[PDB]
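Protein chains in written order, with the entry's author numbering: chain T, 4 to 115; chain 4, 1 to 44; chain 2, 2 to 57; chain O, 3 to 126. The next block holds one structure in the form of structure tokens; read it before the comments.
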RNA sequence: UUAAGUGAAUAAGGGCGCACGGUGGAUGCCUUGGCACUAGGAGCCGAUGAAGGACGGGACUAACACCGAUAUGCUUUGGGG
RNA sequence: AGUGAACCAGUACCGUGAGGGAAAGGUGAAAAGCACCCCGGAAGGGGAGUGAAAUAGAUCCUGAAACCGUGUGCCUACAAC
RNA sequence: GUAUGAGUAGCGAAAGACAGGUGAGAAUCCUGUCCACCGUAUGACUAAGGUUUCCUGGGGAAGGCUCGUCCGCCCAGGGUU
Ligand SMILES: [Zn+2]
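So this is what it looks like as structure tokens:
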């Protein structure tokens, strides 16, 4: 019997550097602790990781596992997605580029 | 700070339009060189 | 002033070691158990200091 | 005494507005710096409402906003109370026998667009 | 016990090796389009209104192809099933 | 690469104008192109199914390097490389 | 195609506050109350110029230097006598 479940979000419109500050606060924790830690951080990406973590938990409960009380956050990371390209007009007739970045976010939960 | 392009409807037709290009011998050189390239607009 | 040399991966990451986040004092509510910030109202049940506050 | 991001006359306007609210509503949500400055101003109004006389009334009327109503009242008419009339008929007699300290602040949560720490300031 | 001596382990972060991912579109294989020629035809259209266009025609019709108020087509002679 | 143009190209775009002028091919043998359920406002994901193969799921053959991460065997806080 | 500088400069003259609505979600949308700004103009009408931006009902992937339930944005219908 498999004892593990993942979820992932793809091309979310946040930057991958800032999402990594939040996700290092949550790695290796029990699922009980991670939710309250995410509820009290006011950073934009804190509530997106909350949804990915909750999908991992629902998958565990319904598709395979049981025992929401035993679960632990075992793996977590943030990768890069494709970037949009824009230009902002500058002084004296020239222009400079601007990157609109994206993230893939994946969380994994094991029974222990 | 007045720029160079000030739009006007009559002037654009009177300086660049089909009949002005048709009335000279060099205007028709222009129209033939545009038809030979495949332009969807040959005269303003 | 302009950077005379690009900065490598090790020096960038050595700069970035004091660039983190903290999650300071979190306790358990006295009324309903769930975690909450100390000296704040409990957002789950609206109780602070053993009484009801976000109600009428 | 806390400049609050404003010039000298805009700070005064803003305080005069936030203390006339809370006289009319008795419970309000605001940020944490404004709430402290306002606890000071509102209790200074209540100890004039407890004094009672004409000189105290005209002293308060330099600070309480005017064309605002505060009505839960009808015997048979449209009879309006004036938010200075409430200060002198209702809130002073309420805190007759209490010494200072007519308000209290509780902390809730940071605003979504800001991360500004918010706060509830109420009376009793 | 007191003195003199010798002294490991513990990483806030970093390096090297390895394993797995992400981004990005090189490489291989492929062709719907091109390039250089050969043999044969044809080498002008137009006031009986041209070359090129504008605007229209469909049960629903923005666009391309076709067609012209007889408008996504009409008659006639042959082929085909 | 081969025509500027293998794809709705003398187009989009640039200029008052004459004129200048691009980028952009590939799921599978067959759409069989994911019914039903679960988390979620949705996007996205996990099962279950199609299929020889889905890490072939439409940003779809192969999938190199720069660059960004996660895990670990060994080293590192008296040292001028 | 992707780094470094770096989560750094900047976010383009100016007064808001609170209550209540809507909503998955509100400093930024709606309704109210008080406050503040222009007033030979920051008010009303018109010729150029633009060319559907005008009205009603929905939407939230991109545009909007933040946000967005909103819009001179997107989808469907309609308006000029
Ligand atoms: Zn509680």
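In this text, a Cβ means the ideal position worked out from N, Cα and C, and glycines have one as well.
(1) Give me, in chain order, the residues of the same chain whose beta-carbon lies closer than 6 angstroms to that of residue 77 (chain T); leave out the 5 immediate sequence neighbours on both sides.
(2) Using the C-alpha atoms, what's the distance from residue 18 (chain 2) back to residue 9 (chain 2)?
(3) How long is the line joining the alpha carbons of residue 43 (chain 4) and residue 22 (chain 4), rounded to whole angstroms?
(4) Please report the distance separating the alpha-carbon of residue 93 (chain T) from that of residue 3 (chain 2).
(5) For the structure I just gave you, are there three or more beta carbon pairs, one from the stretch 10 to 23 of chain T and one from the stretch 80 to 90 of chain T, closer than 8 angstroms?
(6) Of the residues 105 (chain O), 126 (chain O), 122 (chain O), which one's Cα is nearest the Cα of residue 41 (chain O)?
(7) Got a sec, what are the start and stop residues for the alpha helix (DSSP H) residue 83 (chain T) sits in?
(8) Return the chain-ordered ranges of every alpha helix (DSSP H) run that is complete within the stretch 10 to 55 of chain O and spans a minimum of 4 residues.
(9) Taking the CB atoms as reference points, tell me whether residue 14 (chain T) and residue 105 (chain T) lie closer together than 7 angstroms.
(10) Checking contacts by CB at 7 angstroms: is residue 55 (chain 2) closer than that to chain T?
(11) Hey, quick one: how far does the beta strand (DSSP E) through residue 121 (chain O) stretch, first residue to last?
(12) List, in chain order, every chain T residue whose beta-carbon is nearer than 9 angstroms to that of residue 21 (chain 2).
(13) Quick check on DSSP: helix, strand or coil for residue 36 (chain 2)?
(14) According to the neighbour-count rule (16 or more other Cβ atoms, all chains shown, within 10 Å of its Cβ), is residue 81 (chain O) buried or exposed?
(15) Enumerate, from N- to C-terminal direction, the unbroken alpha helix (DSSP H) stretches of 4 or more residues contained entirely within the stretch 24 to 102 of chain T.
(16) Skipping 5 residues on each side, what residues in its chain have a beta carbon closer than 7 angstroms to that of residue 113 (chain O)?
(17) Please determine if the stretch 48 to 58 of chain O and the stretch 75 to 94 of chain O are in contact, where contact requires at least 3 C-beta pairs separated by less than 8 angstroms.
(18) Name the DSSP beta bridge partners of residue 7 (chain 4), please?
(19) Can you confirm whether residue 40 (chain T), when its beta carbon is compared against all beta carbons of chain 2, has any partner nearer than 7 angstroms?
(20) Quick check: the stretch 51 to 58 of chain T against the stretch 28 to 39 of chain T, are there 3 or more CB pairs under 8 angstroms?
(21) Which residue marks the beginning of the alpha helix (DSSP H) containing residue 31 (chain 4), and which one marks its end?
(22) Give me the Cα-Cα distance between residue 70 (chain T) and residue 62 (chain T), rounded to the nearest whole angstrom.
(23) With residue 109 (chain O) as the anchor, note down where its beta strand (DSSP E) starts and where it stops.
(24) By the criterion of Cβ-Cβ separation under 8 angstroms, what are the contact partners of residue 13 (chain 2) in chain T?
(25) Say yes only if the C-beta of residue 48 (chain 2) is nearer than 6 angstroms to one or more non-hydrogen atoms of ligand 2, and no if none qualify.
(26) Using C-beta distances below 6 angstroms, list every residue in its chain close to residue 32 (chain T), excluding the 5 sequence neighbours before and after it, in chain order.
Looking at the atomic coordinates:
(1) So the qualifying residues of the chain are 111, 113.
(2) If you take the alpha carbons of residue 9 (chain 2) and residue 18 (chain 2), they lie about 15 angstroms apart.
(3) So the alpha carbons of these two residues sit roughly 10 angstroms apart.
(4) Cα to Cα, the separation comes out at about 20 angstroms.
(5) Judged by Cβ distances under 8 angstroms, the stretch 10 to 23 of chain T makes contact with the stretch 80 to 90 of chain T, as three or more pairs qualify.
(6) Scanning 105 (chain O), 126 (chain O), 122 (chain O) for the CA closest to the CA of residue 41 (chain O) turns up 105 (chain O).
(7) Segment 75 to 83 is the beta strand (DSSP E) holding residue 83 (chain T); no alpha helix (DSSP H) there.
(8) Within the stretch 10 to 55 of chain O, the complete alpha helix (DSSP H) segments of 4 residues or longer fall at 10 to 22, 34 to 51, listed in chain order.
(9) The Cβ-Cβ distance between residue 14 (chain T) and residue 105 (chain T) falls below 7 angstroms.
(10) No, no contact with chain T.
(11) Its beta strand (DSSP E) spans residues 119 to 124.
(12) Here the neighbours are 24, 27, 28.
(13) Residue 36 (chain 2): strand per DSSP, three-state reduction.
(14) Counting Cβ neighbours within 10 Å, residue 81 (chain O) comes out exposed, since fewer than 16 surround it.
(15) Here the runs fully enclosed are 34 to 42, 49 to 62.
(16) Contacts found: 120.
(17) Contact annotation: the stretch 48 to 58 of chain O touches the stretch 75 to 94 of chain O, with at least three C-beta pairs closer than 8 angstroms.
(18) None, per the DSSP bridge assignment.
(19) Residue 40 (chain T) counts as touching chain 2.
(20) Segments in contact, yes.
(21) 25 to 35 is the extent of the alpha helix (DSSP H) around residue 31 (chain 4).
(22) Approximately 12 angstroms between the Cα atoms of the pair.
(23) Unbroken beta strand (DSSP E) run through residue 109 (chain O): 106 to 112.
(24) Against chain T, the beta carbon of residue 13 (chain 2) has no neighbour under 8 angstroms; the closest one sits roughly 12 angstroms away.
(25) Ligand 2 is not part of the structure shown, which contains ligand 1 as its ligands.
(26) Taken in chain order, the residues that qualify are 76.
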